[PDB]
Every structure is written in structure tokens, then in C-alpha cells.
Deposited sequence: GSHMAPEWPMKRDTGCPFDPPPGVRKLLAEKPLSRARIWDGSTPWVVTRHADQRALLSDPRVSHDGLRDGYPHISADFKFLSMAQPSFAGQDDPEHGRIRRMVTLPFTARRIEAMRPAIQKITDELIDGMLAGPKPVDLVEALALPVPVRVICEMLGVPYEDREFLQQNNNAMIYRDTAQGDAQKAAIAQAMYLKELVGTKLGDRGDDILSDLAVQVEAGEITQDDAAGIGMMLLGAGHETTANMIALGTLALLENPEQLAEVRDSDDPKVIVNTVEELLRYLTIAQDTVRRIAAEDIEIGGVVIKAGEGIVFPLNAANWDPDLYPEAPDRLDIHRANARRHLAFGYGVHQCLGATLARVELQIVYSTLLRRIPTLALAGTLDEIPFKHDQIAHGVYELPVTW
């Protein structure tokens, strides 16, 4: 059983992963804890399994293929229905299309302010620090109903939980600080925002104040690093594909920014193999039998380069790929990304505004000088020096 997970093509999935996808759609791999879960590479099969009620997201179950030991420790996103949906229903409305369309001015203002700071400051500048990290956490603060004046505090806490050079002890203090704060804010709300909605539930007896705070925390975590990685990696992908950058920037067709975000989501699949399940019952698929209690690993980045679905050079960026929106970058089934509409719309605004306001944007060095997050689960770059 090969080890899992398996450099000068840094955007591309690992070579062994492309090999599996091509010749062993379903196979076993040994992960960090010595278990050998199934690896499911095909887009079709990921959809099949992820929407099969025999497939469980319950990380307390023996066999569950946790991403790493730390994720194992932590152990609504890690639960099955009915409790998963009971909780998800309480935070569904603010993420719906209409409500996210209604956030466009707020996301646009956040973006323009941060581009104002870039443009007043030195160059080159790290796009990660200047834009990619601040936007998503600021947007989520606003949906939560975090007062403007506590913004920087929540941002630094959340940043601290993301940095490689934060010592775990400090990351945990930062996490403790977020929870205490959110719990306090929920007590306060007892507004229009998520925490007010959650305060209603608290007041109704449906969840505790602690639970309210945990949900808040979870939305904070979930929506931050992922979106940041997309901002930074997505920008870099555009800068490495200049003819396509120019089009996204300069096209008069509003569909192009829309397509570009989907093709970026598909091309980069930053959530990689973070999607994990366990079979609750035996499941027969693709001529093998996944047995009850066996783990299942979903390399979304394999599915999104699947030639059954993306036959025309899926290993190249093509913003006109007519098919891109079929990607599974936000996963699939009942745990499909709650923020998927928000993310789409955040990236449309960030990429378009970044390129229209900084039409001379340029990588300050070259691709090979960029430090990628090869050593992590979520794909991305530690730093992105840009100039103009």
C-alpha cells in the first residue's frame, strides 16, 4: 500500500495521484495512523459515495481516516444527520444566494480598502498579508455581527491560528481567546447577523451559549484560510497565465470573472484530500467492496482533473473551460461547503478588483522562488511577493 499523502509543477496534484486517477480509481493507501483507507479518485465515484447515506462523517468512529493526529485530537461539520442538519439549518439563511448577493457592497468595500493600503504602501508587498488573509476574516466578521472595533483582534487571533511560525501553545491561547470573545458577543446579542440568529436559538433552548460560540468559531475557521489560499494561489495562477489574466481583467463580459473563479477553484482544488469519511455499512462500488468500518479518502484535486469530466488538458488553466462549474472543490453531498456561494462571490470581487486597480500587477520574483504549502493539508503559498 503506498503511503498517503504522496514540486516544479507546484500547482499540479502529486504525480502518484494522477497515476492512480488514470489507472487505479479505487485503491488503498496507508495514512499517518497506519490504517489503510480507500482512496477514491474519480469524480463520478466521489459524487456517488459522498451522497450515499451509508457514508458517515462521524470522526468518533473507529477507523475514521483523520487527516492527521491533530485533527484526530479535536475530535456540526463532524457529525451525521440528524444533528448535522439540525445545526446547519440554523446558519443556512445568511449563506443563501440572495443574502450573499446582498453582501457584495460590504465585500467590495473591504476589498477596496485593503487595495488602498497596498497602493499607499511599499512595493513589492506580500499579497498574503496584504489581501489574501484580511479579506475573508473581515467578511466573516461582518456576517457574524462582530463590531467594527473588535475586527483587528479577531483577525490577529485567526491569523495566529494559521501561521506556520505560531507555537501551538500560542495558537491555543488564540483559539481560547476567540471562543471567549464569541461567547461574550452571543451573550450581548441575547442584531441581523449570525450570532443574533444563534442567540434566538440559545434563548429558545435549542443550543447553549457555548454551542452558539462553537458554531461561530467554526464559521470563523472554515471560511478563512481556505478563502485566503484561493486568493493568493489564484492570483499566482493568473500571473503565471498572463493572457488569461488580461482577459479576466479587461473583458467586458461579466461571465468571464464568473468562469475564471470556477476554473481556478477546479484547477487548484486547495481543499485537496481534506474530505474524509467512514463506511457505516459495506458499500460496493467500482467492483470493489468497501467494508463497514473502513475509511475513505477523497482527493478532490484528483476528481477535478478527472478526464472523464475534463478531457481537454485538465492540467492547464483555461478560464473558458465550459465545464469548470461541475468541480468538487467545495466537496459534495450534505456536507458540501456552506460558504460555497460566499466564496465564489468573494473571489470574483477580490480578483476583479485587484486586477482592475492594479493593472500592472506582477510577480516580484519567479514561480520557483515562491514558497508553497507543500508541507500542509490545504494547498497554498506562504508568501506572495507582488509588485506593480
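Lining up the deposited sequence with the coordinates, I want the ranges that have no C-alpha atoms.
Gaps vs deposited seq, in order: 1-4, 11-13, 83-87, 203-205.
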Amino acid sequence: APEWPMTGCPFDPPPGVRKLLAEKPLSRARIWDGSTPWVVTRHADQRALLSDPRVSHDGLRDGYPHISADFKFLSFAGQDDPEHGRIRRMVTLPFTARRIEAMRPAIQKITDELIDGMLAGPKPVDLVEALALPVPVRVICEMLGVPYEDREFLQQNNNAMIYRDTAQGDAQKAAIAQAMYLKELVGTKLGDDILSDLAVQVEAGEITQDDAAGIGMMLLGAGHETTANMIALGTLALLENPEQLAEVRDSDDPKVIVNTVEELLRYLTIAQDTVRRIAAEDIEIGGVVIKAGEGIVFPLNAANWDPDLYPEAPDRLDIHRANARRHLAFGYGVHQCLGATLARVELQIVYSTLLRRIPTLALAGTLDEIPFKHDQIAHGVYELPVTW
From here on, numbers count along this sequence of modelled residues.
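Of 175-183 and 254-262, the one with larger mean CA B-factor:
Per the PDB entry, the higher value belongs to 175-183.
Quick check: 311-319 versus 233-241, which has the larger average CA B-factor in the record?
Result of the comparison: 311-319.
Sorting 344, 28, 335, 43 by Cα temperature factor from the record, which one lands on top?
Within the set 344, 28, 335, 43, 28 shows the top C-alpha B-factor.
I'd like to know which of 274, 155, 168, 111 has the highest C-alpha temperature factor in the PDB entry.
Each of 274, 155, 168, 111 was compared by C-alpha B-factor; the highest is 168.
Quick one: classify residue 298 as lowest, middle or highest third of the chain based on its Cα B-factor.
Lowest third - that is where residue 298 ends up once the chain's C-alpha B-factors are sorted.
Select lowest, middle or highest to describe the third in which the CA B-factor of residue 51 falls within its chain in this entry.
Ranked within chain, residue 51 CA B lands in the middle tercile.
Which third of the chain holds residue 305 when residues are ordered by C-alpha B factor: lowest, middle or highest?
CA B-factor rank for residue 305: middle third.
Third of the chain, ranked by Cα B-factor, where residue 357 sits:
Lowest third of the chain for residue 357's C-alpha B-factor.
Quick one: classify residue 60 as lowest, middle or highest third of the chain based on its Cα B-factor.
Within its chain, residue 60 is a highest-third residue by C-alpha B-factor, going by the deposited values.
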